[PDB]
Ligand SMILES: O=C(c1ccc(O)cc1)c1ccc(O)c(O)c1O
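Read the single chain below, which is given as structure tokens and is the form deposited without this ligand.
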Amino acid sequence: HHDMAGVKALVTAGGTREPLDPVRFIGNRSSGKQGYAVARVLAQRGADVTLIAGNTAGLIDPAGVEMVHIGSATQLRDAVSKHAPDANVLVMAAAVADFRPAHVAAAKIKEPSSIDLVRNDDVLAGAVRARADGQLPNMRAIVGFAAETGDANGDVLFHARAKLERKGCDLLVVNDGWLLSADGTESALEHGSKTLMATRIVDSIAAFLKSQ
């Protein structure tokens, strides 16, 4: 039915784009489909959903969901800062570009000089800090998303378990796939439609909120 009737949810989705100039930019391959799916499931279950979307070209805005379109990592951060205080749940599913062009050309660049890169702020960490400082009373649950690959140093779960504690979020969605909770619970995420996966994620949020 409607688990999320009283829940104000803030969802980010898609990838950000950091401009070199008006024409070109630095981006990633994020579709934002998973975040959109989570947005729809939440709204279907009675949540008041605000969705902040990055590069989602062919996706259609979900009905019953307040849409806030942004372009870059900075624009995303400012959007979150604006809408977070009213949110009970923050679903950080956007693929934020780690690096940004240090200087942006006013006009399209016409061998060229190298591009200087500067690190972007950790928007999630900003939210986690704000709640820790008592500046987010309404916030009850914070969800992070991560893509992990096995390397010589460790397993996928090995890296996933580490990132969950580093980010300081309550739940981490890892892509098969995993749902990692801060209490120490681990649930497998079987390959399926983005809809079914969204249901699993929202179920974890619901289950978490009951414990809150």
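Numbering starts at 1 and follows the sequence shown.
In what follows, reference is made to the form deposited with this ligand bound, a form of this protein that is not presented.
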{"property": "Heavy atom of residue 97 within 4.5 Å of this ligand in the deposited bound form", "result": "yes"}
{"property": "Interface membership of residue 86, this ligand in the deposited bound form, 4.5 Å heavy atom rule", "result": "no"}
{"property": "Residue 137 within 4.5 Å of this ligand in the deposited bound form, heavy atoms", "result": "no"}
{"property": "Residue 26 within 4.5 Å of this ligand in the deposited bound form, heavy atoms", "result": "yes"}
